[PDB]
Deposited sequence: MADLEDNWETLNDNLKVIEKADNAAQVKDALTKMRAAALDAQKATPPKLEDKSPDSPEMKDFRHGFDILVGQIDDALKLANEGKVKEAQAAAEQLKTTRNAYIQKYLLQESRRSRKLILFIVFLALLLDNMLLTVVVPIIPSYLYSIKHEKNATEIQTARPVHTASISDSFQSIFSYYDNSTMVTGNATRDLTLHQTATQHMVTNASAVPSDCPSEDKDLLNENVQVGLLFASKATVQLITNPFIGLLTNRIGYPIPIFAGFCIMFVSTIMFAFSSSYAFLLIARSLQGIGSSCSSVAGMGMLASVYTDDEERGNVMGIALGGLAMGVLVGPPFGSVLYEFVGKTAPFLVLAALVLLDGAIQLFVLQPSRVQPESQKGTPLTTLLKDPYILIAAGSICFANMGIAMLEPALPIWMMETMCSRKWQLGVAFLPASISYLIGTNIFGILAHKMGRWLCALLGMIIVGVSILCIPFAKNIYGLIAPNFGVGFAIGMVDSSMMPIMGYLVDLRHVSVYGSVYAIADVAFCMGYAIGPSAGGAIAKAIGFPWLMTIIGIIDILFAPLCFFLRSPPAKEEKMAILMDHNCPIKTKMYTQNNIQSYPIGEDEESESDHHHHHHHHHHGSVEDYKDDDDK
């Protein structure tokens, strides 16, 4: 049925982010950090144009064979080249599983109201993956061994792939009934660009904040190392709550208004992080940041599907490749550019710049109220 497709997409995204987050504490123990995101950004539009040619089931199932190969390559690798190869393979997989899975969800839940909350649930998949990533990784790392986390995650990826092969049955290539509108015509749409830009700036704010916040906490607050890991918890829990609630709330409120308010709340929250003196001062603003990132993503993915349905041809592979490029731009240029700006003009000014950009971008979501057909 359809809820099994929703579960498959949720599980793919959850395992993808659990891997992405169990890898990050092991790596130091620069290019490797941005490698997955940039390779996924490169191979997003290709998958977008491919799902319209072979269908959704096959490029979503290749996303389990690529993520499984990446996972096992992480567990039995020592060299730096092999870790880079493993992270690039994870990037290609994730591209396959995010783009093809969101396309499948939008193709199956073909109703504007239902698509909202199923996108919300699939997105909360990423929050549940990031949130349960580090603890699982650590406990399985030290209580069993250093190859343990990745081999157990590989077993989980295999079980998810078994569910995939039993639900989707990717045996045969099935092209779409109608040829989807080209990628350039989509990219010339002022509304698809506004949606992608709102997702891009929200996630770039959060992706520049995550790595820059610990480097500032150890300098201003003299925080211990456990504090650095705990100070970012409100973001993930709040993103989980925000996505799961606003998938259902945004269509009653209006997706344009939910996106506008999410942008303004991300802006204000990020403008209000540098004013915190102690760790208890980074609970409320980080909560606002994560809550509003969810408020924006759970409102702007269904709108992507809707904007394609209303104006262009009903093929969702490319437009969700565009949405996933907007996602990945932030996580690719986040660490590097954020560290560069913080190393040059400081962390408070970086946060003020990001907040100003988000607040000034917010009024552009007004143009999503009633776009013409």
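Do you know which deposited regions have no coordinates at all? Unobserved in coordinates, per deposited numbering: 1-113, 143-227, 572-632.
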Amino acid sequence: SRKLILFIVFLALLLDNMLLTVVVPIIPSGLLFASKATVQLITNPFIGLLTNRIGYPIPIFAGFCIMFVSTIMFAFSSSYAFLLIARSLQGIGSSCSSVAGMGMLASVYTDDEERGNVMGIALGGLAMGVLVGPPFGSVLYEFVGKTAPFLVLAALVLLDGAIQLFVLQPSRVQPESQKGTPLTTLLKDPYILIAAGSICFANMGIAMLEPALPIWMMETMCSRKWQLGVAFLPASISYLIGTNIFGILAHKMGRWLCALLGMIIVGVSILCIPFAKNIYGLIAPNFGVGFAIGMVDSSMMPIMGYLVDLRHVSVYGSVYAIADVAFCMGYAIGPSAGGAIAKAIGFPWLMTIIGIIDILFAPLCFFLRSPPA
From here on, numbers count along this sequence of modelled residues.
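Superpose the two forms; the largest set of C-alphas matching within 1.5 Å is the rigid core.
Name the stretch, 304-312 or 32-40, whose C-alpha atoms sit farther from the shown form on average in 8 other deposited structures of this protein, taking the rigid core as the superposition reference. Of the two stretches, the larger average C-alpha offset in 8 other deposited structures of this protein falls on 32-40.
In 8 other deposited structures of this protein, superposed by the rigid core, which stretch departs further from the shown form in CA positions, 20-28 or 6-14? Relative to the shown form, the greater RMS C-alpha distance in 8 other deposited structures of this protein belongs to 20-28.
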